[PDB]
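We use all heavy atoms of the structure for the numbers below, so side chains are in, but hydrogens, waters and symmetry mates are not. Every chain is numbered from 1 and lettered A, B, ... according to where its sequence line falls, protein lines coming before strand lines.
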Amino acid sequence: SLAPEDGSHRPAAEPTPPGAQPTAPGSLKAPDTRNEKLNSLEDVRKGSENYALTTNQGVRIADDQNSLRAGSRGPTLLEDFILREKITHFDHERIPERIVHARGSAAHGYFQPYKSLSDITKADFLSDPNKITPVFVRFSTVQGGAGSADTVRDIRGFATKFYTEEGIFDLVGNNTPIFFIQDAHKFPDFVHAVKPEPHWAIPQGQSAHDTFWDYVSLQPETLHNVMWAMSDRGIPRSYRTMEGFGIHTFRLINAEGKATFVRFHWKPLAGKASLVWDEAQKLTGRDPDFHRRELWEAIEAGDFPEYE
Amino acid sequence: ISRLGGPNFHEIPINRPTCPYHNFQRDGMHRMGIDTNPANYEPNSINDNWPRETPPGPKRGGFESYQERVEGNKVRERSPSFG
Amino acid sequence: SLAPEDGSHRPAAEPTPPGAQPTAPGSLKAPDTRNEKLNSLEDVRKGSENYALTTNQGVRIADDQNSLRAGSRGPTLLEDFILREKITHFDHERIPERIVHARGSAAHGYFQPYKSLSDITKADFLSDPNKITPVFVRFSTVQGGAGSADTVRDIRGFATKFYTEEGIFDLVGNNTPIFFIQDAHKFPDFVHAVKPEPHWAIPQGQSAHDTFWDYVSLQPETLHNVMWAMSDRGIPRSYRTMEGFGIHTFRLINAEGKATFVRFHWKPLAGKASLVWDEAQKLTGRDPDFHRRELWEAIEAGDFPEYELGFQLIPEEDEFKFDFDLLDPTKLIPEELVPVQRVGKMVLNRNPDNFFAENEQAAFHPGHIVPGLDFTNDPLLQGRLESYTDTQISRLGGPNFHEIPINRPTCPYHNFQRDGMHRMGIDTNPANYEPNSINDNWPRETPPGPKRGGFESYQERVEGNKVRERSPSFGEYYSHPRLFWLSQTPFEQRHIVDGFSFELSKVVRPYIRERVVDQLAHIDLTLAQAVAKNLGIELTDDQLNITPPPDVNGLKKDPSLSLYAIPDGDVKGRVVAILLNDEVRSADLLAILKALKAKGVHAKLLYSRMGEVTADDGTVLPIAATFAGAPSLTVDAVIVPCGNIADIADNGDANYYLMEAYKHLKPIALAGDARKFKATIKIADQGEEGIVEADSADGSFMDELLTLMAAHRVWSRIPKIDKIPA
Amino acid sequence: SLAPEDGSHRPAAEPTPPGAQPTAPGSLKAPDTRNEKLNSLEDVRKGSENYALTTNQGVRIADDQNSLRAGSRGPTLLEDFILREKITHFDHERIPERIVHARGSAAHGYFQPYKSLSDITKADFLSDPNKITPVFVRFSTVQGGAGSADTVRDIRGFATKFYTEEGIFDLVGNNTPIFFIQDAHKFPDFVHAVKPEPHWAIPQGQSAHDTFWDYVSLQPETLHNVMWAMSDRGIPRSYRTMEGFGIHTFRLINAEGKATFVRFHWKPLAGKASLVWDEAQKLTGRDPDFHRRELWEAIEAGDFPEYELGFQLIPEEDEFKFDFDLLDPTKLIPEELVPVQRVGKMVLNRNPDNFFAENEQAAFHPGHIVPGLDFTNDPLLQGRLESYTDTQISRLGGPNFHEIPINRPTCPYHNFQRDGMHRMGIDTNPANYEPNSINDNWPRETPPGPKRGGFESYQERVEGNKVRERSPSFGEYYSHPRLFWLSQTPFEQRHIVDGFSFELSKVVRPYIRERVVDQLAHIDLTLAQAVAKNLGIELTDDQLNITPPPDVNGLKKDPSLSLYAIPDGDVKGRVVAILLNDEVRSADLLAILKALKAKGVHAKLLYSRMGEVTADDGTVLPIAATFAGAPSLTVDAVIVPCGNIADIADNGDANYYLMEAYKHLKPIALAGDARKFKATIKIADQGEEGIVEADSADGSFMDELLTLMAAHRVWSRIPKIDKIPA
Ligand code: HEM
Ligand code: HEM
Ligand code: HEM
């Protein structure tokens, strides 16, 4: 045994305030929080306590500290299949990050309607207030990589996967009610302009550079979302304290075939709050994981993010 | 790695062991197993060092290579016994 | 035409100091710079001016502003093949980042040896002082993603690709002379421990978290390199002002077959220089791209990064002559015992044209050696050889990554390998195997020889059983950490203590802190007690009584291990903030600029807004940045000329600018009424060492300031900064 | 291990007939055959002679025969970087095959139009009879994997990539003028049905299995192309002897903006010619590479495949004037209604250098059109535009597949797309977006115009509600199958009946056979009855009473739909087997070879062993193959010269060769005492049409033979072949 005698290595599996316990995987922290989707993941969840260390092929490992070599100061041997699998898996851990919204922080939850909407939509998840729909939500920035900072000035993504009884519905929104551009054909132009510039790949997580403002100056359609990004909207205090929007007009269709135009909104029950610019910038250096930490610790504390 | 798309090919159903498999390897394309271990390295105290190494033994022991003596210089040479 | 009439969109294609022009692709910025590698990339360089906009299939596009739809407010149509190509290429832009060292910044240059080293190595690139070898060098951090910040505390990588006439040689090193671990089998464990923790993927770019210090506390082999990381080595000022090392002992092999053990060194010709922690951490917020930017801007300015290649050479018969094992990569070889022999110079003199094509896709691998070099049994080096080709199969999409332009040898390559994803080369050989008769056995093997021969490994004797066992000779963990500690100045020691103290304060589980404190007590008691006190930990009586570890071959210190014990300052390429006011005394600015120019020191002129201000004599002075825009973090010193000081005396940003610089130990110079700013930093009326002051900015005002800059920081200010609220 | 002293390991770089020299890479076989695209590949062609064997990093290899090991009987060492690179490249050679048309064979050539088409199209490649456009063509089967056989019963693909001055145009067609299905949404259902069944992955290269005929029986829209597949069109003699069709109606657009509907045709100048089924199926075993081989060898011989591009042109105002919908890809446009206008000629005159790099990695996509061409609403064409780019992202490893050398345009290409796996192009443009001012907006959009303009789609009127609905005009399925049936000769109809009968006899579930027979009864009662009789099925009274479908716009037949109704035979490039004996009469062989050479017909000299035989006058005759080694399946006709006939008269294989040739309707010519072989094929002292016979092989004998070969096969023999046991 390497754990301390007093058990202080293991966090209590009860809600606790930020900093009170080490944070933990959600099924260890809150084992009795359940929804249909979380339960359905049980077939692939893997524990660890009391199990032998093995290869991926199920062969028990005697010595996970040394490679096989000819003599204890000798060359490493090709026949070390244990070393080879371990290093091979490590060598292939990374997958491409998302082209945009690479930096993001996610949690499980659920949604329930306040009333049946069958007069305006036949969508099953909206048919009955007693219909509980598991969700998985990912909040994100837009421009920076998966390893960039959270409290940059940027638009924020707000993506919800509804696991409904009639299919997955993904509501893939942002935290402002419009976008920068009108036609998808210009998306790679706008995104290349805001992204790090191609010669030197600077700057990270920032619109504050020539190519972004070159494009905005030549494309006045951008100016509306640019106003939002330049406001304190661009620097939320928390993903719990920003609005979400679908941006596009969609349609709801009812059982009679009637179409109603709809735009979607998420309204934060913790209210709206943003940082100020100097605080946000400095916070990217003192804690580049500030939003990711805040969201995880809110959920561990029982301060569940709620949106209407 | 190319034929089967990455290092998690042992999670393709036909290739899965029927016996337990636990270790500190993570991620990779197509990762199916969701690890709950607080630790992804050993030695660790945060999960009391589990999953743990197992000494070799008569049954249910860890793998140890037979201690064959090696003696020779580093050569790219075919043994004359093969000629 | 959307460009301005005056041509101010286009940067001057000549060397200009940082901030004077927008930065540009290297071949546009410096078209006259050339080497054999840069010339050989010309077949894949693509221009743009005066060309039509096309699809990738070469069809001219008429409207690149709209999708094809049925009516101008109608649905988009599947037949829009121009939209589909453009969006599909965009959808697939990203490739996996490197598993480690994902954050990095690279440049082209060249290397030349000072003399032939044929008596010790038959390596062709070291055979002739006239033989110049193109290089491509990538510097990096280790832990963070490609989008993480530059000025984190971490080790730095220093990887050099030599495009030699007898093959590519990759010297894949770090900025410290040892690694954290002894056997490659533990690399996934150590890297998992230092990386973001797997539940929540925090923290980025930081070792200040529980799992890292858990691993360290359980693996005392790691303490050597941890001491380095906790020192100011872990926060270099610039990639130009850090050392590089190969870490492992390799071999040189001469034409007579004699092996000599070698360790590789890079010496920064700009000297050694690091930030201080608060400055580095803040700087990850104010400019997470600071090292990448500084490297690119140095090259655009002609402040080319220069390093000297050095070898520590140990005869084969001296393998066992030291107190430590030469093959143990957690041990360094003290320069007091084995000096570094100067080998040649490398100069980095051209930025890439495209970051993704040249930097992101570059593949380095320490297995890439050439005749005249060879490996040893260092068991961390041994395992590296399994990883670097492997990882490139997924990262770069298959086994033809050597055909990506940046990676291609400049020398011939021919073999029987075929196919693979993204195969470029079209093989005309009738044979794809050997031995063959049908192409008269070409291409053919080449016997080894003095020059231009085939690769043969040194016939080292191997004897022992097949074991998974650490050599007992590696099982000593404290003597080298102690040598390192005792070799540091007292302020460098303070900064080490403060690095461990800050990092362990972020460890949530107190027992892990205690366990690390126990480790430090095995290294040096003064160190352990000082960290313990910062943590409210009391050493036990047993801890107070641990015998320190022995010295290393009789050495009680080695000043070559310190950044600053032996001054090696160089001001060329450093930068000074000049805080402007609305009525600057022009004679002060003239003297300042003249002195800085003469030593190759750059300036940024700062004010409370952009635009320009006008001096006492009518000189129009353009403003580079605001005080808040370009914080003191980003320069090496601060000068405030005389003039209408009342204009800025109550500016919070201007006062803070000086407080932050003061805190971070930077030289500050105050001329005439700018001396009023002494009060904001609590400077006594008769002055103090490190603050330059006079009635005007000269006679001796600039020499004094530039003398302080040559010593980098004002270490004697340290006792003073704790009282200052900044 | 070297080449023979006599240079016999190396083929002559001149045109040579099949079998005369070993085959070789096109650039070594025909170095002086050039075109712009072939030249442009020179940056990546790699030679081999006189070069050292290296790693891919350019390191010379000394011993390519052994791994590094600790002693010569010891374990292999991890540090063997040479072994690791060689094995890793081998381990990653394979890429996914094409989801369909995986089996295919390709060549380079050129195209030119006969006259400018500027009246009807502004496409640059059609604008001038003296502007030559390089092409790369791949022919293919559909169902089978890359390693399946060539002479299966299937549809064939005929894809041409035109490297034009205004972009790449891919005309991605097949060898029949319609497809099986109407809407791309069904493509995966139809292809899954035809492909090997999912439980056991059987059968390869065959539609003769339950799932295909289950889908056909339930989807009568498939019946037209199924008729073509069951006819001898499904088993071509060569890719040189089949038609090509783009299938869909496209648009041509002229400089005045006028749209003309068009269907694309390729006419084979070597004439139309197919195998018979027993021959084609046995040939998949004796030489599964027969079509690949025949194409490569034709090009090495100078028998370049030539095809005439032709257009059926329908004015816009005539869109609705037929009794079928022009946009329905299961309907053909009969040439009796709309003639094919001759447009230009394409000649395939050089083989690739490396099959993988050039053939396997080639990417064709019918969305790659150029100004002057446009799409229509054909709902199968429309869906194809979503597939060909998408599939290339996994097959070829990412979105930079246009930089794989074979796929590159020869014309300029410039845009703002960046990055992606295996990015070759290093972009110098300061901008990677438009509009931009920093590169004065280059590269720039180009307005549409008469020549060199940007692409603009024809502004077709769209009016309808958003529906997933098949157009009612597409709901007719029997009239085109009937037209096709009625346009075949009686022997072609017999072969169709036999194809259906053979395939349905392999369907295990008898109700599926019954359902198919019921569909055939809606096409033609004579066809339905003949297939039913072979299946032991009896048509019901109701089935006998099904009213046949209407004529197609009054047509009772169209002979352009037959392979053979109109003679168009060309013997150049065909091959005869000459069965030797050990004392051949040299005067026969002289006359035979002289007459064959005059018409460009090749010969293969066969015997019962390899080596040589000596003729009556001392001429040494090298033997190409044994009777068993090169069966009659591989030749067009068989000649037996006089000589020592007793040598071969009782040889089983020699007799069998003639029995198999006879059965397969090939001409056979017997000179002098070789007429003794008439008895093996049971055929009369008076002689038989299709058997040439004389005292010696002279002018007359050879003219008769070559006349029979110009008619391809001896159809009048069919009633005589059921009694021969072969
Ligand atoms: C109203 C406008 C848009 C909104 C609100 C929006 C929102 C988002 C969000 C929230 C994500 C991150 C989902 C996650 O967390 O994984 C995302 C990802 C993405 N978006 Fe959008 N987006 C918009 C426009 C576009 C456009 C016009 C395109 C391209 C035509 C595009 C292409 C993508 C792509 C390629 C990704 C990465 C998706 C992945 O890897 O799974 N987006 N978007
Ligand atoms: C002395 C110890 C080591 C040093 C000095 C070192 C140095 C480096 C550097 C500088 C890079 C970045 C090269 C670049 O800029 O692209 C790198 C990448 C990498 N290293 Fe190491 N390393 C060490 C130990 C190891 C070990 C023990 C392993 C695994 C057994 C390993 C595996 C890797 C991998 C997988 C990459 C990513 C390479 C790629 O994607 O191209 N390293 N190393
Ligand atoms: C008239 C109908 C069609 C014709 C004449 C046709 C013709 C062809 C040909 C000749 C090729 C092989 C090109 C080569 O040699 O590489 C091919 C490939 C392919 N086709 Fe089609 N096809 C048709 C319908 C479709 C449909 C409806 C789809 C899907 C909607 C489709 C999807 C594909 C795919 C995925 C490939 C593999 C292409 C690649 O890997 O590069 N085809 N087709």
Please classify the contact between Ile512(C) and chain B as side chain, backbone, both or neither, with a heavy-atom cut-off of under 4.5 Å.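 The side chain, not the backbone.
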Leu218(C) versus chain B, heavy atoms under 4.5 Å apart: side chain, backbone, both or neither?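 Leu218(C) touches chain B through backbone and side-chain heavy atoms alike.
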Using 0.5 Å steps for rounding, measure from the [atom1] atom of [X] to the [atom2] atom of [Y].
| X | Y | atom1 | atom2 | result |
| --- | --- | --- | --- | --- |
| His199(C) | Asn37(B) | NE2 | CG | 12.0 Å |
| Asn44(B) | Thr211(C) | CG | OG1 | 9.5 Å |
| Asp189(C) | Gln25(B) | CG | CD | 10.0 Å |

Considering non-hydrogen atoms only, spot the tightest contact between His192(C) and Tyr41(B) and give its length.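 Minimum heavy-atom separation between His192(C) and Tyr41(B): CB-CB, 4.2 Å.
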Side-chain contact test, heavy atoms from C-beta onward, threshold under 4.5 Å: evaluate it for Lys186(C) versus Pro43(B) and give yes or no. yes
Is there a side-chain contact between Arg76(B) and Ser457(C) in this structure, where contact means two heavy atoms from C-beta onward sitting under 4.5 Å apart?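 Yes, their side chains come closer than 4.5 Å.
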Residue pair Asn465(C) / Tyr66(B), side-chain donor-acceptor N/O under 3.5 Å: no
Which atoms of [X] come close to chain C, meaning under 4.5 Å heavy atom to heavy atom: side chain ones, backbone ones, both, or neither?
| X | result |
| --- | --- |
| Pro7(B) | neither |
| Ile1(B) | side chain |
| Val70(B) | both |

